[PDB]
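so I've got this experimental structure, pasted below with the sequence.
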Amino acid sequence: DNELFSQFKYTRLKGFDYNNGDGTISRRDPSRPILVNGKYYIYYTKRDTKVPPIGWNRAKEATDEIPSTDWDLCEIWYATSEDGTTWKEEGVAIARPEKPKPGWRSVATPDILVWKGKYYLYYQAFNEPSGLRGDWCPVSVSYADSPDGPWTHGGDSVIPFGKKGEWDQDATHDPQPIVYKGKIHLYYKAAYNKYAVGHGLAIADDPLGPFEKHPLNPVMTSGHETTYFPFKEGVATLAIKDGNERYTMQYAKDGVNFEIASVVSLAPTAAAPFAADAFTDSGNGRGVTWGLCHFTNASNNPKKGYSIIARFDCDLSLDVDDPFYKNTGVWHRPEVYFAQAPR
Amino acid sequence: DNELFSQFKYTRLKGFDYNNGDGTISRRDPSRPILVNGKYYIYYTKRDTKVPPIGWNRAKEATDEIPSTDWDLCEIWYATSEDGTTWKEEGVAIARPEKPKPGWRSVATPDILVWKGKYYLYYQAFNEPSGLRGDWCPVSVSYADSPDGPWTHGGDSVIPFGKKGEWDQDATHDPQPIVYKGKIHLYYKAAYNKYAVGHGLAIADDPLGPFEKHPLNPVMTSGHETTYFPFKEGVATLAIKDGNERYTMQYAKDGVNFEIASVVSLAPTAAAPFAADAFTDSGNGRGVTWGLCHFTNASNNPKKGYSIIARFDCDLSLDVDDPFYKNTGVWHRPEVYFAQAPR
Amino acid sequence: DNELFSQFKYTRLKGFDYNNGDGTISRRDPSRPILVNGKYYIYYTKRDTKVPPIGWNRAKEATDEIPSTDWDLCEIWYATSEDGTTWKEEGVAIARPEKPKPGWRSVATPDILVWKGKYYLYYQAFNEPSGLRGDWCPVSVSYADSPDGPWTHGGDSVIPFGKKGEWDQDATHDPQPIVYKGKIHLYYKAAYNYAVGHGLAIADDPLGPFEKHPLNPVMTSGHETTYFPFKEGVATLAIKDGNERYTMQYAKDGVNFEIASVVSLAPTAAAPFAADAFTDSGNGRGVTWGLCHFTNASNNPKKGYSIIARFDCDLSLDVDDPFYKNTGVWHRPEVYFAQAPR
Amino acid sequence: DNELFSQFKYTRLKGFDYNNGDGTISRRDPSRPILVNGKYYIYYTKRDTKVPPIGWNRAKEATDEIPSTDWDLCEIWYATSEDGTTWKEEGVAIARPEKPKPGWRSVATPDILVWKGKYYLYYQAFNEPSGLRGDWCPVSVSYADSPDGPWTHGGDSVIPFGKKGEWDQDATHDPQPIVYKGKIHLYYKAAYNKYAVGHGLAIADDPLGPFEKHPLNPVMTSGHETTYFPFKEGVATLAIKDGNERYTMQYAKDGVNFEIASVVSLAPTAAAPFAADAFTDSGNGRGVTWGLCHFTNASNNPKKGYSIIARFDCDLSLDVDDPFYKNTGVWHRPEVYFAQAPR
Ligand SMILES: [Ca+2]
Ligand SMILES: [Ca+2]
Ligand SMILES: [Ca+2]
Ligand SMILES: [Ca+2]
Ligand SMILES: [Ca+2]
Ligand SMILES: [Ca+2]
Ligand SMILES: [Ca+2]
Ligand SMILES: [Ca+2]
Ligand code: NA
């Protein structure tokens, strides 16, 4: 049967503290891990703030200490691990720059590119507390000679928005590049129109750009989030629609035209698969068995919101056939049901 | 928005003890509640045994004290409630009869009928430890003048099995009668053929039989279990496949030809909705907002397995419209994911 | 000259066809006759099948049409007679119920009770082909206002089995009721240990409940027995399969049986007529005739069937017939030549 | 598993005609076979008369041509066989002698002795139609060098009767000799007294006599008839009673004091086992597996009576163990029962 079908199993990470879950510390949107000198490295949004987020709808009340949303007032931090489950949080990778440089308010939602022996982080740059009035968080890039720092600012707004009226015109969220067909292929997302969510491709020969939009964008018309990895000579994705249990693996022979390969369930949010060959230009993608993800509803109390990062394992790999991941049913214990309570 | 689409929310019952979940006490397959004179009544399988079940596969080790399965060595008990959430367990309703009368080994999986001023319980009747040979638990019926006792035995094997080769040659599980078009409409189930589970219908004018099968059986061809209630001029049903996240409401203008009406999720197992008009012959079925259900994975430890009964609420009612139950998404908390661990 | 000693003489019945003995038709375990409106009535297992039994050993190959044993796929039929020798087979008395009601597969081995002017048939009820081989055939009861039926199902498993490990645990075969000390006294048999016991089960109501006599097994050997009221007690003929060892036994109180006589060539599945079987007279007069069967009617074991037959005797207080009181048996040479070498 | 316990199986003989069984030809009381020069030899009463016997109670009317009883007007004939089942009747062995020599009227009931290279026949010698009445048929002996003839008369009345009043005073029936402890041990029968049947022993060093009675006669006090063979260092015996199924195997360690060794059924009448060591003085008797016997009720009609000879087989041998002969049950077909008819 189907090489892009799998189940997902979850493991709590070791090594990250969250002030006992009081909403003042949050880690989310981890990057796909890379392996360098026998350590995995990951980069993620990290918030550490005096008070938990005050709410989108109250972005008015945010100050330089009080965040409006979970991703406001953040930096990008990084961690190393030998086995992918126990992590050591190392320190800041991307600090917010000085006001009013883009990002001065928050840098968030990173992903990694390895290119010609240097390391590049792409991430969203915020200039105002999120939720006022409408966003504008274009993508910045920084770079380094080492997976540890130090990191040097590279550019701001490095993915062009679209001309007025295009689907593309206000956003390039979640930048995520792979190396495909000898070029940097960077996927990203934008809500448009009853809003829908598109995914686009932007291509460059230079990590600092320029990046040019693919003429078929939006390459996908469905899916609140997606994550991509080289697979055979194409590109596979996991696609999620937020809140419903319709999750699909999709596959494009050309990295561009996507067709459903499988329907999966309980799939990770902000999934960040490890793939040895993400940046390798194989033409021969082997697929994946583990990576990181997040949960944004870590707290019970929505006035003390935070997120945590977590690990998933799966079998979406050509070099592994593990029937433990190939069952077709899901069984929840009664507590899961009692957590869906009446009013 | 669809009058047969709904979310399901769950409430822990009060009033039932399970010897701290050690596997010696189990309650499962509750009947649909009936309201008689300001009190709800339910009837349910109850096991209370010196030791937990030894296993299907070890049925040959079962004794008069050691059960093979969760439903072995059981009687049908009953309970009453004013509000449907706090219950008082009253005592036995159907005791196991003297060996070797059918049911002497276990009686289980009850459902209730109100007919011409009398109460009827239909249940499966076991003659040996379950799993020992091939099954064989035909349906018996007992009746009473009051929803309290006492119950008088009425008949054994009141639903006929099909001729050798036919789909229901071996079983009529989960008997569930409604009053429809002036007659007792008794739905039931049987596994056949990779094996499918059918549902059939049998009909009578005397609760004690004869029942005769209905052309078109199996009336459904899908779903490990189903529960039926009068809806408008027809009959609606919830249909569950064990293990997967895709459940459906289905509707049959005539009680026989059923078509999808909605797709739902996290739906209750062994659902037993209260419907004031279940037995009323009204031709105008109003739908349901609550009932009982069960969880057979109550224990963390499968060598000490037991089930509990629980309550669900929903809006599958024509007489109520509750936006709380009418969302389309489901959000689980991280512990739901961490309970799907790797090996 | 012992009133419970007798020889047995046999007469071929008239009236019953067996498809020329090809194994497809069989009749056996007849009920003790009763006399109602100047006719005798008997009830018996009847098989009428497309093919003879394939054997217990092959029960797995039995189907809806193919029987495993001689008593599989059977009904209880009945016949009437004026003289007890010429019979008219009348039709079905007990039909098999719809699957999966107990007995749907076969009903067999009936005996009759007359109680308060109604008629009761007790018989074994089978749910799967015999020899399959977890043998479970508890006793059902049906009743009628007339010996001619129609019959109404009265109850399944009306004689309780014993608790695990008791001799009684798995069977109540051959239920046979008499009326005794104003109660229904029902004798039945169970294999155990194999020994074969006979228990007594007592009731005030033919549909039950039946309670086991506190001292069962009441009798400890005899692969098969039959009972009639006698003086103030109960006499029995006790038979063992194969060996020609047969006893009449007697119990003052119907419970404690003592050997009264050794008899030979006794009838199998013996069903004597006793006008007082159900009369509660406390003065049992004993018997002179009845029905019996032979299970080895066919020369060929792949074409097995049984037939019903008549025996005559003097086991009566109202008759002293010396023709039945001789002590030797002489067989003609054919009988010897029928025990051939290999 | 008793060495003297056994079933008997019967075989119809080939070679003897009885005029379609019209009562005019009769063969009975065969001798134990002997094996000489690759052939078995038997000797037996043979009647061949113009009309059947008119009966004991009509002996007054018997003539030189009309016999009173089955054994009246007989001679002793002989037959040979290679297999024990197909026989060739060879001719007269003992002819009636000239009147009034004893036996002129009839010679009957023979048995054989092989002593010191010669063959001896003992048999009862009658002088008047049986039932005339007053039975007096003492035992004569004749001898030969070949089991074929010619035979020479040896003596009359060679077994002494008892003095008046002794159990023995009137008869020595069914003479049957064995060689035991270097001497001829000849068993015989006599009715005495409520009239019982004894069996006696008489001993001799010479086949022509004198024979001396055993002090303990009657050595056996039951049994209408008996037949004896060397068994171990004793003598075994089948004892028959007329009509009933009380047949016993008995054993006497010393050939004199007999004890019940088994109860058997359907045993042969006038049984005549072959025993290779009957005359061999072994002190080591092996027992028997086959022989001859008779049926005196060959005819359905008592006004046309005759007997026939037959073969039995059995396992009453120390040198054979045959479980076919070793079951304890007898099953008769229905016709056997219907032949016990009422009146
Ligand atoms: Ca991401
Ligand atoms: Ca794989
Ligand atoms: Ca149910
Ligand atoms: Ca509604
Ligand atoms: Ca009987
Ligand atoms: Ca008498
Ligand atoms: Ca002889
Ligand atoms: Ca032997
Ligand atoms: Na009916």
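Received, thanks. Numbering: from 1, shown residues only, chains lettered A, B, ... in the order given. Ligands and ions are numbered 1, 2, ... in the order given.

what's the closest non-adjacent residue to the one residue in chain A that gets nearest to ligand 9?
Among the residues of chain A, residue A:337 lies closest to ligand 9, at 39.2 Å counting by CB to the ion. Where you see a C-beta, it was placed from the backbone N, CA and C, and this is true even at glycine. On the basis of CB to CB, 6 or more residues apart in numbering or on different chains, the spatially nearest residue to residue A:337 that is not a chain neighbour turns out to be residue B:10, at 4.4 Å.

could you do residue A:246 as well?
The spatial neighbour of residue A:246 that comes closest, neighbours along the chain excluded (CB to CB, 6+ apart), is residue A:263 at 7.2 Å.

repeat for residue A:39
Leaving out its chain neighbours, the residue that sits closest to residue A:39 by CB to CB, 6+ apart is residue A:80, at 4.4 Å.

for that neighbour, grab the count of nearby residues.
The local packing count at residue A:80 equals 19, with neighbours defined by other CB atoms under 10 Å in any protein chain shown.

what segments of the stretch 201-343 of chain A are helices?
Remark: helices assigned in the stretch 201-343 of chain A by DSSP state H, counting those that start in this stretch are A:334-339.

need the residues of the stretch 201-343 of chain A near chain B, please.
Taking CB under 8 Å from any CB of the partner chain, the part of the stretch 201-343 of chain A that reaches chain B is made up of A:242-245, A:265-266, A:295, A:297-298, A:308, A:310, A:313, A:324, A:328-343.

from residue A:109, how far off is residue A:140?
Applying CB to CB, to the nearest Å, the value for residue A:140 to residue A:109 is 11 Å.

can you give me every residue that contacts the residue of chain A closest to ligand 9?
Contacts of residue A:337 were listed using CB atoms under 8 Å, 6 or more residues apart in numbering or on different chains, and they are B:10, B:266, B:295, B:310.

the residues you listed in strands, which ones?
Assigned to strands by DSSP state E, the following of the contacts of residue A:337 qualify: B:10, B:295, B:310.

from the residues you listed, which is closest to residue D:284?
Using CB to CB, residue B:295 comes nearest to residue D:284 of the ones in strands among the contacts of residue A:337, at 83.5 Å.

wait, the closest one touches residue B:308, no?
Yes: here residue B:295 lies in contact with residue B:308, judged by CB atoms under 8 Å, at a distance of 5.6 Å.

quickly list what's touching both of these two.
residue A:334.

get me the contact residues on the stretch 1-150 of chain A for chain B.
By CB under 8 Å from any CB, the part of the stretch 1-150 of chain A that sits against chain B consists of A:7, A:8, A:9, A:10, A:11, A:12.

try it again with 6 Å
Taking CB under 6 Å from any CB of the partner chain as the criterion, the neighbours of chain B within the stretch 1-150 of chain A are A:9, A:10, A:12.

filter those residues down to the buried ones.
A:9, A:10 (16 or more other CB atoms under 10 Å in any protein chain shown).

out of the residues of the stretch 1-150 of chain A next to chain B, flag the one nearest to residue A:160.
residue A:10 (37.4 Å).

residue B:244 versus that closest one, what's the distance?
The separation that residue A:10 has from residue B:244, given CB to CB, amounts to 19 Å.

swap in residue A:339?
Applying CB to CB, one obtains 20 Å for the distance of residue A:339 from residue B:244.

please apply the same query to residue A:137.
Distance from residue A:137 to residue B:244, by CB to CB: 38 Å.

and the residue of the stretch 151-300 of chain A nearest ligand 8?
Per CB to the ion, the residue of the stretch 151-300 of chain A with the smallest distance to ligand 8 is residue A:289, at 77.0 Å.

which residues does that residue contact?
Residues counted as contacts of residue A:289 (CB atoms under 6 Å, 6 or more residues apart in numbering or on different chains) are A:315, A:317, A:320.

narrow the residues you listed to those that are buried.
Members of the contacts of residue A:289 classed as buried by 16+ other CB under 10 Å are A:315, A:317.

of the contacts of residue A:289, closest to residue B:21?
For the contacts of residue A:289, the residue nearest residue B:21 by CB to CB is residue A:315; the value is 33.5 Å.

ok, now how distant is the residue nearest to the closest one when sequence neighbours are not counted from residue A:289?
Sequence neighbours aside, residue A:325 is the residue nearest to residue A:315 in space, at 3.8 Å (criterion: CB to CB, 6+ apart). Using CB to CB, one gets 8 Å for the distance from residue A:325 to residue A:289.

what do these two both touch?
Residues touching both residue A:325 and residue A:289 comprise residue A:315, with contact defined as CB under 6 Å, 6+ apart.

touching, the residue nearest to residue A:337 and residue A:338? I think so.
Yes: here residue B:10 reaches residue A:338: they are 5.2 Å apart, a contact under CB atoms under 6 Å.
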